[PDB]
Amino acid sequence: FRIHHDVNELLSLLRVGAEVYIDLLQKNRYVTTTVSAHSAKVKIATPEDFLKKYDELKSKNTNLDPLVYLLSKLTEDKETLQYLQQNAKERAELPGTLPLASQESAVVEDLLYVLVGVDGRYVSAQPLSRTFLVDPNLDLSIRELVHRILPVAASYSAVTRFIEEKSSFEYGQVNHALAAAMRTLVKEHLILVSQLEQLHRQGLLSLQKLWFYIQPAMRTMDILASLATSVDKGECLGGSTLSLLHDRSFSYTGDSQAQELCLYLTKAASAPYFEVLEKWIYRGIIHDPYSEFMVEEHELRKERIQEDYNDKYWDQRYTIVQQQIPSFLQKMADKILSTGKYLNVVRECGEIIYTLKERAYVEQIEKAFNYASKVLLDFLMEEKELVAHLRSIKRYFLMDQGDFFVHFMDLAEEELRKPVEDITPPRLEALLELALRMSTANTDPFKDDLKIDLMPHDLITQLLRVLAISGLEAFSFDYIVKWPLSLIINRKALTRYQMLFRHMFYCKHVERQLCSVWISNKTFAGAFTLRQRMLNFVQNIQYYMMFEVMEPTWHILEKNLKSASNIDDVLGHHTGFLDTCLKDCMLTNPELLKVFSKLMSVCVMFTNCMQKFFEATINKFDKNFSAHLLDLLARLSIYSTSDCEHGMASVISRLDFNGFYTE
Amino acid sequence: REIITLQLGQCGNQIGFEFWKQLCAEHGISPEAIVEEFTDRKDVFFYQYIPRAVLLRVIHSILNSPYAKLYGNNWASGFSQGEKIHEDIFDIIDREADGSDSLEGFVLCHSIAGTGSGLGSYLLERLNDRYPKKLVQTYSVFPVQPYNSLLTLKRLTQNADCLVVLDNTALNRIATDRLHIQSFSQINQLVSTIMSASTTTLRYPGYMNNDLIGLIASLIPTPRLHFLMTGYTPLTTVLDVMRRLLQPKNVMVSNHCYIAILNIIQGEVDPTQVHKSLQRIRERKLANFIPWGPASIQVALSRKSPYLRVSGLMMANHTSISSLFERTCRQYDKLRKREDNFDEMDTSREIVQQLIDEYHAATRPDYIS
Amino acid sequence: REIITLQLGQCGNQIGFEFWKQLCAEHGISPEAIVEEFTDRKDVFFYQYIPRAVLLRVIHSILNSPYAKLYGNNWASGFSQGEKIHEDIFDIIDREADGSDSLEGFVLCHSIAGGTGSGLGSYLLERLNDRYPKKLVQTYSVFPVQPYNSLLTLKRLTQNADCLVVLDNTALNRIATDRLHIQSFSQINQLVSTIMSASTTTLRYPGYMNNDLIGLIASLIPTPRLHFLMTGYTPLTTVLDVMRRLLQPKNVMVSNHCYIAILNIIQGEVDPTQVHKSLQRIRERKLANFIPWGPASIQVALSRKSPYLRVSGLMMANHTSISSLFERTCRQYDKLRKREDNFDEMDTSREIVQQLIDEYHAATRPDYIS
Amino acid sequence: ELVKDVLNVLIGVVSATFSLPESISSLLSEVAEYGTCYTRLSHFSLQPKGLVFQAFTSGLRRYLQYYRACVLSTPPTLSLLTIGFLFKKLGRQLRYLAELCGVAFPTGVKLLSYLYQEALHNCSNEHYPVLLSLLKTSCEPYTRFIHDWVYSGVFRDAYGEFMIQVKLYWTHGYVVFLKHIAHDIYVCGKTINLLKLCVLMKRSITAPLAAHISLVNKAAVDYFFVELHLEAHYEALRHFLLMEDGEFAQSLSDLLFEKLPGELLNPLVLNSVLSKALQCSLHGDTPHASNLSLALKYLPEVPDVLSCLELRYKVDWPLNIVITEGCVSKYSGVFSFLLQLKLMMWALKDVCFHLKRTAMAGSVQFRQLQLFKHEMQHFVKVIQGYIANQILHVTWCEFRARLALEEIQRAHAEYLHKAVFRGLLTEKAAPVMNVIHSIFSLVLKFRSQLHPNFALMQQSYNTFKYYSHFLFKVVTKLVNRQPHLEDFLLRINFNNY
Amino acid sequence: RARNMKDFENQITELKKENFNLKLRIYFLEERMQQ
Amino acid sequence: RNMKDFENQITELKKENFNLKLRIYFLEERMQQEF
Amino acid sequence: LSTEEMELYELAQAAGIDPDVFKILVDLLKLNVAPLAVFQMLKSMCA
Ligand SMILES: Nc1nc2c(ncn2[C@@H]2O[C@H](COP(=O)(O)OP(=O)(O)O)[C@@H](O)[C@H]2O)c(=O)[nH]1
């Protein structure tokens with residue numbers, strides 16, 4: 001989330017919302033675009049400084065082309081420059097005696113030795129970009145024509161220095177293949193030099209003849225020299241070198257002479273990169289001798305996900321380094337990460353050729369992704385099945401099994417009303433096991449994963465703080481799962497299950513005590529009408545909470561997991577199911593929850609007065625509940641009209657069925 | 001938590017025993033109380049399986065049946081018999097209550113039409129004093145008979161927390177309109193289906209109403225108004241079921257409004273039209289409720305037994321039941337004018353009149369106080 | 001909106017059975033009420049497949065038919081029979097109505113040829129108005145002590161039924177004798193069942209115009225007193241052939257005079273390009289006479305034929321020439337009156353129909369209004 | 001002998017007499033002028049800005065090498081007159097080439113056009129082979145670019161020399177050779193690019209070009225109809241937007257009009273009425289039926305006959321180009337009017353049901369009012385049939401047999417334009433739209449008065465009769481000044497005046 | 001000019017449910033700063 | 001309802017998203033800097 | 001400012017801007033944001 005920083009920081013640097021300004025960029029975004037340079041350059045053009053200092057940047061292979069286009073646009077609008085200038089100001093404040101006929105043979109024969117790399121009798125090399133000296137006194141025509149043939153010798157000097165230097169072990173395997181690939185090219189040139197050496201003895205190798213002969217070699221040496229300078233002047237290794245070769249090859253797409261040479265060099269130097277890609281795609285093994293691949297690994301402890309909520313593991317185990325992208329696999333970069341990530345988790349539990357204008361490897365990696373995704377899905381569905389575990393967590397955290405719970409409160413009612421830090425965990429755990437054995441929960445293969453825990457904060461204030469930014473209520477459940485399952489069921493999603501349970505448990509518990517009051521007074525007269533409207537509210541919110549939010553969304557999830565494609569969509573669907581469920585609850589609303597919690601506080605304290613066995617308090621209780629309920633109805637009526645939400649409309653219809661509370 | 005069933009009289013024993021065969025058939029248990037192999041909560045009605053029933057000349061016919069190994073005409077005479085067998089009957093009751101894990105309710109099935117009538121009236125009086133914190137459920141059956149009915153009704157209306165009316169006049173009506181029977185052996189067949197589905201959410205675990213206590217406080221707001229009817233449409237979606245139950249001929253009854261309606265949706269309907277069915281019935285205004293206090297209608301879902309198609313049962317508590325009591329009142333006056341202290345019937349006459357006044361005034365906008 | 005049909009008498013049961021057989025064959029429905037593998041909406045006539053049919057000797061033969069799985073002689077005697085069984089019959093009527101989501105009309109196929117169906121039809125119409133005031137009722141009456149029963153039921157028909165389609169036997173047998181050369185009842189009822197299916201072509205298949213029964217009936221009926229219709233079906237080829245062939249006296253099934261409104265249905269795939277050209281040709285040659293007082297026009301609608309089962313065509317119209325048949329019935333009444341508990345309602349039926357016959361004859365004059 | 005001196009001037013080397021009797025100086029002067037153009041051309045065409053200019057330079061250098069090959073080949077040593085006559089028919093041609101070049105000068109497509117006009121200027125003369133050879137080797141980069149879209153379609157640009165450079169997705173600018181192919185080539189490149197993301201007779205160029213262009217265009221059209229169900233959208237679009245589908249037209253209209261402010265405009269109610277209506281449609285519940293949205297463009301504060309409400313279809317990327325935004329907007333416009341037509345049928349049916357419950361109470365007053373309703377009904381029905389026939393049937397007959405890439409775009413605009421023309425929504429038929437709106441207002445006034453006010457009802461009917469007569473008069477006068485409107489008078493008037 | 005009025009329901013419910021998800025992250029991480 | 005409040009309402013919800021997202025960014029580097 | 005950021009900065013001054021602003025511009029372009037969107041950002045922001 002760096003773009004949101006850039007807009008705010010730019011908002012502070014200059015003087016002026018930012019919300020719309022970032023939406024122009026979010027919809028626009030590993031891909032790199034290119035634009036015309038000649039049109040932009042002439043548009044800019046003291047401009048003279050721009051024209052010579054530009055050539056250095058492209059030599060360094062520097063994210064260059066998009067910015068240059070931006071300067072051309074800024075130059076068109078003069079007011080932008082004036083404001084930028086104003087903002088900048090504000091912030092700142094012996095051939096001479098030898099026949100001319102026979103000197104041609106001597107000149108051409110000595111020019112034959114400098115090609116090999118050895119200094120000649122007349123044409124020598126000035127010690128260190130290589131420069132040469134021919135003669136201090138020679139005919140003007142001869143010197144000028146030799147100077148035309150001179151640069152091929154300098155190009156040979158550069159390439160032979162490049163291959164000798166780039167043979168080190170500290171430059172990556174891709175550099176080794178590139179250096180080795182061109183070793184045959186210089187060898188063939190030397191053979192042609194030797195062949196012309198054997199031809200020169202017959203006298204049929206003239207100065208003009210050599211100039212025509214070296215023309216195919218002149219381009220070959222020039223392109224090799226340019227590649228040598230580009231690699232040398234900018235540190236290129238791994239995918240960076242491959243990108244440079246690919247970009248250079250695509251540049252010479254209208255010559256048909258310099259394209260085959262670049263194609264062969266790229267396809268010969270891509271073997272080290274493609275060979276290690278094969279094991280990274282088909283398997284989960286990365287050798288990675290030097291930081292040259294596009295995937296890197298950070299060491300993180302596995303138990304971190306179960307221990308806490310904040311630390312990411314799915315997005316931190318493997319990340320893309322952008323500098324090393326080969327520039328022709330960026331559109332499938334994310335799929336390649338999925339292939340290795342999917343295979344890595346399942347391996348520990350139980351051929352590619354470079355082509356031009358062809359996407360054979362693109363199709364190859366896609367079906368490899370399909371197989372890797374398919375094998376992972378059936379791995380977690382056939383054995384260590386996901387659906388049964390989700391049905392199990394729904395049984396306890398979501399109170400699917402009512403027989404289990406109805407016995408639990410009836411057994412631990414006296415030990416949960418005591419104040420906090422006064423009940424030991426073992427006595428609760430023993431009661432938990434006894435209730436589970438007595439109830440119909442014995443038919444649960446995974447019944448041994450429920451643990452009692454007590455939170456330090458109450459639900460209402462915790463929800464109030466997270467939106468504005470003890471006793472029995474401290475009770476909470478927890479669950480434990482193994483590593484292959486824990487990847488999607490983690491603390492990031494589990495904390496929503498227990499947060500939902502807390503409100504579910506509080507509403508269920510208060511209804512049980514309220515229902516128990518009905519039998520206490522079952523044989524002074526105004527408490528009956530209060531109870532009727534009182535109980536019909538808690539049940540109505542319970543029914544809406546349970547039979548229109550819990551089941552319909554869960555059945556959607558059950559149908560949704562039957563057509564999964566990859567675990568990425570599985571986790572997205574699961575976090576979608578939880579998030580929409582909380583929205584459909586009465587939570588996630590500050591004004592709505594505060595009046596609801598105030599009403600629930602009225603609920604619990606009224607029942608405490610009944611067992612005390614006064615006439616001046618029942619009317620006060622009635623006037624408090626009616627005013628709270630009327631305020632409650634007003635808020636949801638407003639919230640369901642201005643904002644679209646069928647749940648709030650349902651509860652309004654469910655709470656009142658006779659047109660009462662018409663005010 | 002456990003419930004012990006009690007059967008009294010010829011009619012009561014027959015209905016309870018017939019209900020027991022239906023439950024045994026639905027569950028995976030043999031008639032000899034042995035589990036058959038061929039999920040569902042069974043601690044409510046079974047003990048590790050000996051049924052928890054206290055059988056009290058029908059018993060002679062029962063003991064010959066294959067389920068054997070599984071286990072006068074005056075109200076005053078019945079009362080005297082109950083008083084004299086006081087020790088005999090309560091000995092079995094006490095020896096069962098202690099053995100239970102936690103008593104929560106009683107099941108009483110009988111007919112207010114001889115020996116069971118007097119025994120039932122006396123039993124409820126003693127249970128309230130002996131056990132004042134235990135729920136009592138009476139599955140009364142309706143048919144000399146004027147005085148017997150009102151004397152029983154006096155005890156039932158104030159000593160039984162719940163009551164379900166099952167009259168033979170309505171039973172024969174459906175038995176002729178939809179079954180064409182023209183016998184007692186066939187009218188009770190519908191009763192068994194109603195009885196089996198009456199507590200289907202208690203036996204089968206569910207989201208809500210897993211305990212008996214929660215199934216009364218939702219329907220019965222005050223101890224005076226404690227009468228629940230029955231309904232059964234299947235003799236197709238939830239909306240079709242909802243409309244058919246409210247139809248006047250379907251209800252088991254031989255201005256006016258409802259109080260609280262409980263519906264059990266036995267079908268396998270997906271829980272997505274359970275809400276819009278309530279939405280459409282509200283728009284059409286198929287029925288009305290009390291105008292003074294808020295009233296709500298609720299529906300519950302369950303599943304069939306796989307060992308054994310959509311069903312539905314309705315719990316109706318309407319003020320229209322005053323017609324049946326007024327019918328008993330009018331015949332009592334005719335019998336009184338045509339013929340120890342003979343004062344008990346006077347107390348029964350006044351108390352039911354207060355119930356009629358309470359029932360009729362329950363529809364007024366100012367029923368409170 | 002579900003629509004429920006009722007059959008009365010041996011004639012009504014016979015035509016109703018043939019109507020159901022043809023309609024079932026039109027859709028991909030087997031005779032055993034099971035859909036076959038083989039756009040159309042069968043929900044209006046069929047309910048989840050069983051037809052919403054009510055039938056009141058002949059029934060035994062009907063059950064013997066392969067379509068079994070698809071389910072006195074005086075007016076006073078017919079009235080008495082309905083009274084004794086009114087509650088039993090209305091029990092199945094009400095439960096069907098409650099089972100239906102929202103009933104729209106009540107299709108009836110009853111005969112007034114001296115049978116008990118006329119007596120039952122009179123009672124059913126009386127109670128349907130009494131109990132269902134917001135529910136439309138329509139009956140496809142058929143015409144032949146015979147003069148008596150043929151006019152007593154007219155008293156109730158003119159004040160209870162909102163719409164009425166007449167199919168007399170004077171023109172039906174003429175078509176059968178001419179174009180079929182029959183010289184039986186089934187041979188003459190098959191043509192009637194063909195009209196019955198084609199009458200509701202725009203109802204079974206969705207369309208932009210006239211999506212419900214009240215849409216079609218309202219246009220043809222200017223006054224509830226004038227609630228009579230006549231039908232024709234010339235299939236026995238462009239739009240001009242269908243429009244032209246639907247106006248000759250040989251096709252109208254009725255034994256000055258002018259039309260009031262014309263609605264014609266074309267069930268073929270004929271090109272809509274030439275529909276207006278046919279309309280201009282009809283107006284230019286003047287094959288039809290309309291009312292002089294108010295602006296009266298002609299309307300045509302298109303619908304798609306069933307692909308399971310050729311350009312079809314049906315006409316629905318109201319003609320003041322229908323008054324001729326009533327005058328024949330009244331004349332037979334006066335002749336039979338002098339030839340042979342108080343005979344009071346029997347008189348007011350004559351007065352009411354004589355009031356109707358006056359209204360028909362008064363609608364031809366240019367000063368019908370006011 | 002001076003033969004070596006004269007022969008060493010056309011090569012370019014200097015001589016003793018050539019720096020950088022007595023009439024012989026004139027002869028050497030003519031030969032010197034023959035060599036100076038050669039030297040100027042060599043100095044001007046030495047570089048090996050534009051790709052087309054480079055090819056022209058290469059061709060010129062190739063020609064010069066032949067000229068150098070021809071000289072110093074035949075004559076060892078001849079007479080001075082002989083060498084002058086021999087180099088006469090060739091020296092003038094060399095001067096002409098010098099005049100053709102600069103010794104400014106265009107580049108890109110302009111240079112190709114300039115050379116082409118030069119060839120036609122002197123076609124008959126002996127310069128045709130030279131000019132043709134240069135033009136053949138100067139169009140090589142252009143031919144490579146042309147073959148690029150035909151086979152690959154990956155756009156290539158060197159210096160923007162071409163006349164062509166680089167949601168709607170069609171912002172590729174476009175603005176001699178025959179114009180019948182320039183536009184075809186320009187649209188051919190876009191079509192293949194779109195599919196990637198989902199005598200002077202020019203016969204050698206178009207011979208392998210027409211066949212491939214036809215093949216690509218036919219493949220593009222076939223792909224849209226078969227694997228994208230484009231025709232399926234049109235039949236589904238007509239069902240919903242044009243409100244042709246029964247039991248959905250009535251259901252949506254009925255639910256909205258049952259209510260009639262702060263209601264009927266919140267997202268809760270109007271987004272749900274669409275959802276409820278789909279089940280009652282019985283023709284839908286498919287991915288086609290999705291993307292229907294009830295949009296609102298105006299919020300009225302509060303007898304009226306106006307109720308603003310839109311209905312916009314939504315499409316994905318591949319078909320966003322075929323269906324224009326303006327076409328969808330006009331669908332809403334015709335839908336808004338067509339929905340207003342259905343407002344009578346709901347209201348007229350309601351008052352028909354309202355009068356039904358009145359019935360004993362039979363007199364002149366009751367029957368007189370009901371005859372007015374029948375007269376009111378017939379006018380609405382007769383014009384509704386005209387709208388249905390003109391818009392949904394005859395217009396839909398076209399564009400169904402018409403279809404069997406740019407063809408789709410032109411045809412769709414014509415189909416809608418005819419639909420809105422026959423629907424009387426065009427501004428040319430404003431008086432017809434105005435007079436009917438008075439009838440629209442009058443009938444709703446009759447609806448408002450649901451016998452305490454019979455005189456008001458009679459006055460309203462008489463006002464309608466006068467307005468209806470005025471409508472017949474205005475439409476009759478407009479026939480002289482629209483073949484579509486001709487059918488309207490036949491519908492409204494039939495055996496009357 | 002005029003909003004779709006149907007995606008508005010989908011758009012408003014997506015942002016609000018996302019905001020609560022984002023709100024729940026800042027609080028559980030801020031308490032870690034305190035702890 | 002004003003047909004203009006919708007623009008204001010959408011902006012307010014988007015404000016609650018962008019501003020809260022910014023505070024996340026600032027606090028992330030605090031965790032990185034603290035360690 | 002990094003050497004590369006200063007390296008790009010010098011050409012911007014040569015062609016004819018605040019160094020902290022320019023660093024943000026380079027950062028946005030590094031994150032694959034198209035240059036055309038960035039100008040439309042500036043145009044609506046510098047007005
Ligand atoms: N509906 C119904 N009622 C029954 C059945 N069996 C008995 N009864 C009723 O029970 C009454 C007879 O009660 P009775 O056994 O004589 O009472 P007791 O002498 O005190 O035990 C009759 O009036 C019947 O109405 C039955 O199977 N179905």
# chains A, B, ... in the order shown; residues from 1 in each chain; ligands from 1
>>> residues_near_ligand(ligand="ligand 1", cutoff="6 Å", atoms="only C-alpha atoms and all ligand atoms", output="JSON, numbers by chain")
{"B": [9, 10, 11, 72, 73, 111, 113, 114, 115, 116, 117, 143, 168, 184, 185, 187, 188]}
>>> write_last_selection(atoms="C-alpha atoms", output="short mmCIF file (atom, residue, chain, number, x, y, z; two decimals), in the first residue's frame")
data_model
loop_
_atom_site.label_atom_id
_atom_site.label_comp_id
_atom_site.auth_asym_id
_atom_site.auth_seq_id
_atom_site.Cartn_x
_atom_site.Cartn_y
_atom_site.Cartn_z
CA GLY B 9 -57.92 -44.67 31.13
CA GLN B 10 -58.78 -46.84 28.16
CA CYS B 11 -58.40 -43.99 25.66
CA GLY B 72 -66.25 -46.15 37.29
CA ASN B 73 -68.38 -43.92 35.07
CA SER B 111 -59.96 -38.77 27.92
CA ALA B 113 -65.12 -38.65 28.78
CA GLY B 114 -64.84 -42.29 33.45
CA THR B 115 -62.11 -43.79 35.62
CA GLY B 116 -59.40 -41.81 33.84
CA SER B 117 -61.43 -38.62 34.23
CA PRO B 143 -65.98 -36.71 23.54
CA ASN B 168 -64.11 -37.03 18.43
CA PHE B 184 -61.93 -46.04 17.01
CA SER B 185 -59.12 -48.03 15.37
CA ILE B 187 -59.44 -42.07 14.11
CA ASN B 188 -56.50 -42.58 16.48
#
>>> closest_atom_pairs(of="chain E", to="chain A", cutoff="9 Å", atoms="only C-alpha atoms", output="CSV")
residue,atom,partner,partner_atom,distance
E:9,CA,A:644,CA,6.0
E:12,CA,A:643,CA,8.2
E:13,CA,A:644,CA,8.2
E:16,CA,A:583,CA,8.6
E:17,CA,A:579,CA,6.5
E:18,CA,A:579,CA,8.2
E:20,CA,A:588,CA,6.7
E:21,CA,A:579,CA,7.4
E:23,CA,A:466,CA,6.1
E:24,CA,A:466,CA,6.2
E:25,CA,A:310,CA,7.7
E:26,CA,A:466,CA,8.2
E:27,CA,A:466,CA,6.1
E:28,CA,A:310,CA,7.3
E:29,CA,A:310,CA,6.4
E:32,CA,A:310,CA,8.8
>>> write_last_selection(atoms="N, CA and C atoms", output="mmCIF file, in the first residue's frame")
data_model
loop_
_atom_site.group_PDB
_atom_site.id
_atom_site.type_symbol
_atom_site.label_atom_id
_atom_site.label_comp_id
_atom_site.auth_asym_id
_atom_site.auth_seq_id
_atom_site.Cartn_x
_atom_site.Cartn_y
_atom_site.Cartn_z
ATOM 1 N N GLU E 9 -26.012 -0.769 -4.818
ATOM 2 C CA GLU E 9 -26.182 -1.672 -3.685
ATOM 3 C C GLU E 9 -24.977 -2.592 -3.538
ATOM 4 N N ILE E 12 -21.852 -0.348 -2.458
ATOM 5 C CA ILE E 12 -21.869 0.151 -1.086
ATOM 6 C C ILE E 12 -21.629 -0.984 -0.095
ATOM 7 N N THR E 13 -22.152 -2.179 -0.384
ATOM 8 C CA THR E 13 -21.983 -3.288 0.549
ATOM 9 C C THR E 13 -20.573 -3.860 0.495
ATOM 10 N N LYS E 16 -18.292 -1.228 2.668
ATOM 11 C CA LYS E 16 -18.581 -1.277 4.098
ATOM 12 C C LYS E 16 -18.085 -2.576 4.722
ATOM 13 N N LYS E 17 -18.271 -3.702 4.031
ATOM 14 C CA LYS E 17 -17.773 -4.968 4.560
ATOM 15 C C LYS E 17 -16.251 -5.024 4.513
ATOM 16 N N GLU E 18 -15.638 -4.343 3.542
ATOM 17 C CA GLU E 18 -14.182 -4.275 3.493
ATOM 18 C C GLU E 18 -13.639 -3.383 4.602
ATOM 19 N N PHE E 20 -14.871 -2.764 7.610
ATOM 20 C CA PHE E 20 -14.872 -3.480 8.881
ATOM 21 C C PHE E 20 -13.733 -4.489 8.935
ATOM 22 N N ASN E 21 -13.484 -5.181 7.821
ATOM 23 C CA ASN E 21 -12.356 -6.104 7.762
ATOM 24 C C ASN E 21 -11.038 -5.368 7.964
ATOM 25 N N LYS E 23 -10.780 -2.428 9.525
ATOM 26 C CA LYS E 23 -10.803 -1.905 10.888
ATOM 27 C C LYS E 23 -10.343 -2.960 11.886
ATOM 28 N N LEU E 24 -10.779 -4.205 11.696
ATOM 29 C CA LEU E 24 -10.399 -5.294 12.586
ATOM 30 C C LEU E 24 -8.911 -5.608 12.536
ATOM 31 N N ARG E 25 -8.204 -5.165 11.498
ATOM 32 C CA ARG E 25 -6.770 -5.418 11.403
ATOM 33 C C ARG E 25 -5.974 -4.388 12.197
ATOM 34 N N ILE E 26 -6.416 -3.129 12.175
ATOM 35 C CA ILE E 26 -5.665 -2.071 12.845
ATOM 36 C C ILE E 26 -5.722 -2.241 14.359
ATOM 37 N N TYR E 27 -6.841 -2.746 14.883
ATOM 38 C CA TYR E 27 -6.981 -2.853 16.332
ATOM 39 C C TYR E 27 -6.173 -4.023 16.882
ATOM 40 N N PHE E 28 -6.216 -5.176 16.206
ATOM 41 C CA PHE E 28 -5.415 -6.315 16.647
ATOM 42 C C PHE E 28 -3.922 -6.078 16.483
ATOM 43 N N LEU E 29 -3.522 -5.126 15.642
ATOM 44 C CA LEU E 29 -2.101 -4.840 15.498
ATOM 45 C C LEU E 29 -1.683 -3.721 16.446
ATOM 46 N N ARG E 32 -0.943 -5.139 19.766
ATOM 47 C CA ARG E 32 0.391 -5.725 19.766
ATOM 48 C C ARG E 32 1.457 -4.675 20.049
#
>>> closest_atom_pairs(of="chain D", to="chain C", cutoff="6 Å", atoms="only C-alpha atoms", output="Markdown table")
| residue | atom | partner | partner_atom | distance |
| --- | --- | --- | --- | --- |
| D:244 | CA | C:208 | CA | 4.8 |
| D:245 | CA | C:207 | CA | 5.8 |
| D:246 | CA | C:206 | CA | 4.5 |
| D:374 | CA | C:222 | CA | 5.4 |
| D:394 | CA | C:272 | CA | 5.5 |
| D:494 | CA | C:297 | CA | 5.5 |
>>> write_last_selection(atoms="N, CA, C and O atoms", output="compact mmCIF listing (two decimals), in the first residue's frame")
# COMPACT_ATOMS: atom_id res chain seq x y z
N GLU D 244 -41.37 -6.70 -24.57
CA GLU D 244 -42.16 -7.60 -25.41
C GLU D 244 -42.59 -8.86 -24.67
O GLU D 244 -43.62 -9.45 -25.02
N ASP D 245 -41.84 -9.27 -23.65
CA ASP D 245 -42.14 -10.52 -22.96
C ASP D 245 -43.37 -10.36 -22.08
O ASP D 245 -43.41 -9.48 -21.21
N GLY D 246 -44.36 -11.22 -22.29
CA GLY D 246 -45.55 -11.19 -21.46
C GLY D 246 -45.29 -11.76 -20.08
O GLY D 246 -44.31 -12.47 -19.84
N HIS D 374 -65.86 2.60 -22.57
CA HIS D 374 -65.58 1.81 -23.77
C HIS D 374 -65.00 2.68 -24.87
O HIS D 374 -64.06 2.27 -25.57
N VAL D 394 -42.75 -5.41 -37.57
CA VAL D 394 -42.27 -5.09 -38.91
C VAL D 394 -40.81 -4.65 -38.87
O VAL D 394 -40.02 -5.02 -39.75
N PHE D 494 -61.73 4.26 -39.23
CA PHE D 494 -62.22 3.09 -39.97
C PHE D 494 -63.74 3.14 -39.93
O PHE D 494 -64.34 2.91 -38.88
>>> residues_around(residues="residue 54 (chain D)", least_positions_apart="3", cutoff="12 Å", atoms="only C-alpha atoms", output="list in words")
residues 45, 46, 47, 48, 49, 50, 51, 57, 58, 59, 60, 61, 107, 108, 111, 134, 137, 138, 139, 140 and 141 of chain D
>>> residues_around(residues="residue 440 (chain A)", least_positions_apart="3", cutoff="10 Å", atoms="only C-alpha atoms", output="ChimeraX atom specification")
/A:401-404,435-437,443-444 /B:39-43,205
